[PDB]
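Numbering (our numbering), first residue to last: 1 to 53.
Every residue, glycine too, gets a C-beta built ideally from N, C-alpha and C.
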Amino acid sequence: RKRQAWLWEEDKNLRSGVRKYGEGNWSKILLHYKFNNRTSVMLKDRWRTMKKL
Numbered sequence: 001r002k003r004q005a006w007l008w009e010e011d012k013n014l015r016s017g018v019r020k021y022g023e024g025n026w027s028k029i030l031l032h033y034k035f036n037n038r039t040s041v042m043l044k045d046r047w048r049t050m051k052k053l
């Protein structure tokens, strides 16, 4: 438990995808890269979190 987190591939997918596609096109991200349980809000949130570190 402690604190849940995403896996290496999922993080890599988001970072590698969003950076080249756009910070507001989660639909396309989900289309190409596979995820565990993402939709749009999750992708957006986590990306912003990563950006601000």
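**Inter-residue Cα distance where the pair is residue 48 and residue 3** = Stepping through the sequence shown from its first residue, residue 48 is reached at position 48. Stepping through the sequence shown from its first residue, residue 3 is reached at position 3. If I take the Cα positions, the gap works out to 18 Å.
**Prompt:** So residue 16 and residue 27 are in contact, right, with Cβ under 8 Å, and what is the actual spacing, rounded?
**Reply:** In the sequence shown, the residue the question calls residue 16 occupies position 16. In the sequence shown, the residue the question calls residue 27 occupies position 27. The pair is not a contact, with the Cβ atoms about 17 Å apart (cut-off 8 Å).
**Prompt:** Under three-state DSSP, which class holds residue 6?
**Reply:** For the purposes of this step, residue 6 is taken as residue 6 along the sequence shown, with counting starting at 1. Look at residue 6 here: in three-state DSSP terms it is coil, with no helix or strand label.
**Message:** Just to confirm the assignment, what range does the alpha helix (DSSP H) spanning residue 49 have?
**Reply:** Position 49 of the sequence shown, counted from the start, is the residue given in the question as residue 49. First-last of the alpha helix (DSSP H) with residue 49: 41-52.
**Message:** Using CA atoms only, rank isn't needed, just tell me which of 52, 35, 45 is closest to residue 8.
**Reply:** Within the sequence shown, residue 8 is the residue found at index 8, counting from 1. The residue among 52, 35, 45 with its C-alpha nearest the C-alpha of residue 8 is 35.
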